[PDB]
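Going down the list, the sequences are from chains B and A. Residue numbering for the first sequence is 87 to 108, 112 to 189, 203 to 327, 334 to 427, as defined by the authors' numbering. Residue numbering for the second sequence is 87 to 107, 111 to 329, 334 to 427, as defined by the authors' numbering. Built from N, CA and C at the ideal position, the CB exists for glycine as well. As structure tokens, the structure follows; a few thoughts come after it.
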Amino acid sequence: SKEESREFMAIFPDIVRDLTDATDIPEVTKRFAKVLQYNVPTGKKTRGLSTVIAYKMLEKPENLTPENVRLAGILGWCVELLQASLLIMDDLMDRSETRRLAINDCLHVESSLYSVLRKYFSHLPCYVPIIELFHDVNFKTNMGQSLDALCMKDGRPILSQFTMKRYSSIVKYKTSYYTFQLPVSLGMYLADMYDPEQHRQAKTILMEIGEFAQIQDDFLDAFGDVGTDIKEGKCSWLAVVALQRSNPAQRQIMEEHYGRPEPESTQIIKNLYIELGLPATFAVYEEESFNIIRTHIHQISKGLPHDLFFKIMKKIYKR
Amino acid sequence: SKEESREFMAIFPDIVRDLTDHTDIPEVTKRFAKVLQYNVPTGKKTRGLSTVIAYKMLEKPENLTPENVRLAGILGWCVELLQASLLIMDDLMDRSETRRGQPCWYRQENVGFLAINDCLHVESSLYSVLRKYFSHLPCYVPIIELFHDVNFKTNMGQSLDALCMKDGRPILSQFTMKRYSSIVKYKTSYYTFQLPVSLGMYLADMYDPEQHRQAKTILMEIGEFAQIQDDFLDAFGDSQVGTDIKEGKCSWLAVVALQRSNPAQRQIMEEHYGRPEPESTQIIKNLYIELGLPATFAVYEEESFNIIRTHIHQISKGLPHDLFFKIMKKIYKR
Ligand SMILES: CC(C)=CCC/C(C)=C/COP(=O)(O)OP(=O)(O)O
Ligand SMILES: CC(C)=CCC/C(C)=C/COP(=O)(O)OP(=O)(O)O
Ligand SMILES: [Mg+2]
Ligand SMILES: [Mg+2]
Ligand SMILES: [Mg+2]
Ligand SMILES: [Mg+2]
Ligand SMILES: [Mg+2]
Ligand SMILES: [Mg+2]
Ligand SMILES: [Mg+2]
Ligand SMILES: [Mg+2]
């Protein structure tokens with residue numbers, strides 16, 4: 087929506103002023122403003138806007154005031170502050186050139215979302231549930247990143263670690279919690295929905311959608327119409349399934365050419381992915397997962413709305 | 087105190103179990122146990138123990154139960170978790186070889202820049218400890234908010250320190266007493282001195298902002314001497334070794350040197366400060382001797398002690414003077 091996107095983006099200048107003491114240390118406060126301005130507001134803001142959409146579809150229609158929708162927008166920006174911190178750090182860790203300037207900037211940007219929460223939410227019933235959610239998601243996200251790191255040793259991928267169980271765990275902890283669960287749980291808490299069973303049923307569907315989302319992203323990295337997962341030796345769905353299907357000779361090709369800088373080695377891996385019928389395997393998985401997720405959304409109870417979860421599902425599958 | 091130290095150290099293994107004992114990912118929880126065991130419990134736990142001591146001197150004697158003193162201990166370990174996360178990061182940022190004898194965590198087999206994740210993880214973990222033990226107590230939200238605020242303030246301090254360096258060379262024009270004082274306050278004094286006392290006050294259900302304000306004033310003054318003394322001893326302490338000069342740090346010695354230096358002496362600092370060659374460290378140390386920095390420190394130690402003691406005598410409301418005198422004595426060693 088034009089109205090939702092514009093109202094959301096209009097909050098950002100306020101967040102910057104809130105976090106930059108708008112003081113005895115103006116030069117470092119001015120620097121932090123530039124850290125936020127470079128790293129937080131550019132690009133799509135899907136997690137932030139999903140927080141507003143979630144609240145709008147969970148809250149009673151009578152309670153949807155401009156004031157409440159703005160609070161949902163502020164929670165959205167706290168998710169985008171978390172996103173920014175993860176993006177700053179991961180790029181240092183993976184020594185990435187581009188995405189789409204100091205080390206402690208990721209700790210600072212992460213820490214800043216709790217100042218925003220304190221400013222706007224400290225007098226509301228949802229305050230402690232929301233801070234505890236952010237605390238738990240950062241802890242779990244770190245466990246995800248560390249599990250991902252345990253698939254690499256001395257710059258070489260550990261292909262024995264490339265199991266579907268470990269992959270599913272990496273996606274859940276590293277990505278799905280903060281990307282899919284966090285926005286919806288935030289929307290629920292702001293709508294004064296605290297029922298554990300409601301959060302649990304939401305979590306189940308969102309982790310399923312999250313897993314397909316990342317598998318699709320992994321697939322498109324190699325087979326989309334420019335991906336470097338193979339070169340970076342990433343624990344990708346393609347690599348995990350390739351090893352499941354591989355005969356000893358196909359396993360040797362992975363062991364020799366996966367996670368190499370030479371463009372020829374990337375091309376060799378893609379050729380093996382084609383030989384192993386990974387495109388067909390993805391098509392089957394996309395159909396099966398869509399039908400299972402559609403079923404689980406139809407089955408959603410505990411007084412949760414289906415349209416929210418269908419909207420999230422549609423955005424990912426694009427049908 | 088043997089009993090205090092032993093009681094405090096006995097809590098750590100429970101905290102490791104609280105944070106690592111997520112049954113579907115055993116390898117990462119086992120790794121995190123090791124991250125905590127390497128980085129958190131070894132050497133002096135001065136900040137952690139100071140939290141217990143603060144509480145014991147703030148709380149009503151009748152309320153000092155084994156249970157409450159343990160809660161004070163757990164808050165102290167939350168300070169040590171924050172400490173461990175900061176030192177993990179700072180070592181990567183400064184590319185230091187050792188800290189407290191131990192090789193820096195980032196230098197360990199297959200860590201490097203993954204120390205950023207470990208930094209974030211250890212900092213995050215203290216909030217899990219707070220939830221387990223404090224979620225039901227009135228002090229819960231004030232303590233959570235204090236930890237988040239101190240984290241934010243510490244990051245401002247580290248960034249200000251970083252703005253005294255460019256391309257691995259110190260910016261001597263940035264080495265002013267006003268910027269130095271700000272670095273020490275934000276980077277060190279908040280988490281080292283303010284956080285332990287404020288935690289003790291909150292656990293003793295002391296929420297009066299004016300009490301916290303009066304405490305902060307005194308603790309920032311004691312904190313400033315503590316870092317100046319540490320900076321002095323880096324160059325002039327008996328090793329039986335300080336690398337502040339080699340590292341080109343914004344040290345009290347470097348700041349006061351630049352105040353007292355004639356153009357010729359200013360050129361020695363510009364030429365030799367922050368260089369790796371041992372001869373350059375010798376030249377700076379010799380310039381500090383020439384400029385009479387030892388005498389200058391001796392006068393400051395005497396004058397700051399007297400000024401702070403006066404300020405403690407004038408502390409208002411129901412704050413115990415004895416707590417601030419004990420902190421003073423521990424730092425000045427008199
Ligand atoms: C540091 C942490 C906790 C990250 C969690 C979320 C995240 C953005 C991971 C990086 O993805 P990736 O490195 O697998 O891929 P890419 O960098 O290509 O997005
Ligand atoms: C936000 C962060 C990461 C803050 C770091 C704070 C800190 C205690 C650093 C050490 O200071 P230093 O580097 O001047 O001294 P040393 O490393 O010698 O103790
Ligand atoms: Mg990564
Ligand atoms: Mg990456
Ligand atoms: Mg990438
Ligand atoms: Mg990808
Ligand atoms: Mg250092
Ligand atoms: Mg440093
Ligand atoms: Mg020192
Ligand atoms: Mg050092």
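Cβ of residue i within 9 Å of any chain B Cβ
i	result
A:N157	no
A:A96	no
A:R188	no
A:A324	no
A:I307	no
A:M266	no
A:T389	no
A:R258	no
A:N240	yes
A:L170	no
A:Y296	no
A:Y229	yes
A:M182	yes
A:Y275	yes
A:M290	no
A:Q300	no
Helix, strand or coil at residue i [DSSP, three-state]
i	result
A:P192	strand
B:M254	strand
B:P387	helix
B:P369	coil
residue 329 of chain B	Chain B lacks coordinates between 327 and 334, the interval that contains residue 329 of chain B.
A:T131	coil
B:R220	helix
B:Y296	coil
A:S344	coil
B:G335	coil
A:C208	helix
B:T112	coil
B:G411	coil
B:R136	helix
A:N199	coil
B:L147	helix
Sequence-distant residues of its chain with Cβ nearer than 6 Å to residue i (five each side left out)
i	result
B:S373	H365
B:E156	none
B:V124	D207
A:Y425	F398
Contacting residues, own chain, Cβ-Cβ under 8 Å from residue i (five flanking each side not counted)
i	result
B:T112	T118
A:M362	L261, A347, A350, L351, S354, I377 and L380
B:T106	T118, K119, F121, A122 and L125
B:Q303	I408, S409, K410 and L412
residue 110 of chain A	Regarding the residue in question, residue 110 of chain A is not represented: chain A runs 107 and then 111, omitting everything in between.
Same chain, Cβ closer than 7 Å to residue i, five either side skipped, listed in chain order
i	result
A:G137	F94, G165, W166, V168 and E169
B:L160	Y222 and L292
A:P231	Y291 and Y296
B:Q172	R136
Those residues which DSSP pairs with residue i across a bridge
i	result
A:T187	A:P192
A:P259	A:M254
Minimum Cβ-Cβ distance from residue i to chain A less than 9 Å
i	result
B:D337	no
B:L235	no
B:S397	no
B:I142	no
B:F121	yes
B:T403	no
B:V117	yes
B:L164	no
B:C167	no
B:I205	yes
B:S287	no
Worksheet item: Taking one C-beta from the region 234 to 250 of chain B and one from the region 210 to 220 of chain A each time, how about it: are there three or more such pairs within less than 8 Å?
Response: yes
Discussion item. Does the contact criterion of 3 or more C-beta pairs under 8 Å hold for the region 316 to 327 of chain A versus the region 184 to 193 of chain A?
Written reply: no
Practice prompt. Determine contact between the region 128 to 143 of chain A and the region 95 to 102 of chain A, defined as no fewer than three beta-carbon pairs at a distance below 8 Å.
Written response: yes
Worksheet item: Can we say the region 300 to 310 of chain A touches the region 400 to 412 of chain A, given the rule of at least three CB pairs closer than 8 Å?
Response: yes
Discussion item. Across the region 144 to 152 of chain B and the region 269 to 281 of chain A, are there enough close Cβ pairs to call them in contact, namely three or more that are closer than 8 Å?
Written reply: no
Fill in: the region 385 to 395 of chain B in contact with the region 313 to 322 of chain B per 3-pair CB rule at 8 Å
yes
Worksheet item: Would you say the region 295 to 302 of chain B touches the region 248 to 265 of chain B, given that touching needs at least three Cβ pairs under 8 Å?
Response: no
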